[PDB]
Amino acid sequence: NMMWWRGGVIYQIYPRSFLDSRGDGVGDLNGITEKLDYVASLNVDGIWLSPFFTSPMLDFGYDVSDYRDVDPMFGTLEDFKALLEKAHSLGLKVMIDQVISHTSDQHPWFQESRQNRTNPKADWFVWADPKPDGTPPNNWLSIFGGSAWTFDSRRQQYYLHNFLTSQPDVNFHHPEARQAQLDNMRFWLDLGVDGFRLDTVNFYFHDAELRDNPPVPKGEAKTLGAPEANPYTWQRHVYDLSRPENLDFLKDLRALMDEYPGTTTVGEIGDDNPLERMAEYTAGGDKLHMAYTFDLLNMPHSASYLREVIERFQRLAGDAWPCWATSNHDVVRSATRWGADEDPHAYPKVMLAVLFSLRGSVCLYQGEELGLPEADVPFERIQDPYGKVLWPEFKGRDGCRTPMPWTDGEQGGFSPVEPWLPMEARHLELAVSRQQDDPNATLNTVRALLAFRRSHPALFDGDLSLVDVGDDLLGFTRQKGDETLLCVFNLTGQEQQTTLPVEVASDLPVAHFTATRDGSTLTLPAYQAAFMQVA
């Protein structure tokens, strides 16, 4: 089963906010180990851990100061080996973040690099002289605010950072820096991890000529990877990322992965044309195994929008392989972002049915299986630096990073002390303990859906074909071998009805969904899904 990743369902864990087992208010590895039984009980195939490596935590793990160790705050390397082994014993794959596009400015490489222009690591990062007036070398902007260039008096030069000033970008034009990052990944492969989520995977290379980006012409759509209030959205991102050289490197990265049969990679795409980039990066069988985009992580969510996404993707490279996600640690929780104006109990159910029925792998975010709404974090409790630069038009990412509600008791059973972000009051009645034995709760709908999906080869990696089912329903068939299934979804809060475009052999009952099939007319009550075996 060395192709489990190609259609597999991955559960994303944000270690800080999963379970505190030690009592400091921050989630740790041992807490995860303690909850792997729950995770396995979701019927997912594995997990992806957000960064737990040595880090100042200025971007909460994504500023790495030691690639081959666990930060004391999360536990130890031994804790991780225990987690990994227990996870394997439960049949779970374990993937971890790898953040190789940039290091913390506390990383020894950068400490060395910044001292002068001639040291051995001077070119391991991206340095450039000021313009004659002393200003940044070009017009590139940090996603987290201000210029992508920061002046350093030691070298009398600017260094590049797409993200925080404390996250200097690695210069992939330097083959030794590239190889060093491969070696860092190899370290975790040798411990037996099953794969990597590759942070900002298309950011690796920048244009060495340092060309200015062009502006976005007035009225044109902005990138899906950033809020519209961010001036980063005012330029087309052509030279600051997604360079051709990255393809060669992705091959190298893939070669590394191939030395460890059965391992996989999911790349994070942040690009002006993300579907295209994802097809580009996952094609050929010699680069990334899969990647996800922000196409399903934004505001549009109608059945017609989903149709547009599917069509667009279907026109791309036939050998590409997408990983789909409706939530992660960077966006408003789906039940709010997509379902704010929908029934809070029924909408997440059908939305997840769609997610689990699309052709691709799936990433499912911690708490999404509980139908958790976005949390409201008060100003004085804000932690994410990305929540302190565009406030209040954009309030950062803490709203999706609040601690996991295990019980309806104090701190949701997450911690014995006040946690690093406040437990959301609305989450308590949606806690795991409250939801565990309720067959009508979103948790059990998810368990049921993933068991169902697991029982049908066509829902693993079958082809997908859109079918006419009217304007307000989403419909397609999934096909593999003997099996062709018809999948129809009502994402609206009103009854909808359609003529079946194919001929139904039988109904497939799943997770208490209710739909009326009368001859050739299919009726779906609000927020219902319907699966049918096709003749």
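Residues carry their position along the shown sequence, with the first being 1.
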- request: Look over 74-82 and 260-268 in the entry and identify the one with the greater average Cα temperature factor.
  value: 74-82
query: Where do the C-alpha atoms have the higher mean temperature factor in this entry, in 41-49 or in 501-509?
result: 501-509
- request: Just grab whichever of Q435, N171, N202, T223 has the top CA B-factor as deposited.
  value: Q435
query: In this PDB entry, which of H206, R401, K121, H456 has the top CA B-factor?
result: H456
task: Grab the CA temperature factor for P392 from the record and place it in the lowest, middle or highest third of its chain.
output: middle
query: Within this chain, which third does the Cα B-factor at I100 fall in: lowest, middle or highest?
result: lowest
task: Select lowest, middle or highest to describe the third in which the CA B-factor of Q314 falls within its chain in this entry.
output: highest
- request: Looking at the entry's B-factor column for C-alpha atoms only, identify whether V64 ranks in the lowest, middle or highest third of its chain.
  value: lowest
task: Using the B-factors in the PDB entry, rank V469's C-alpha atom against the chain and give the third, lowest, middle or highest.
output: highest
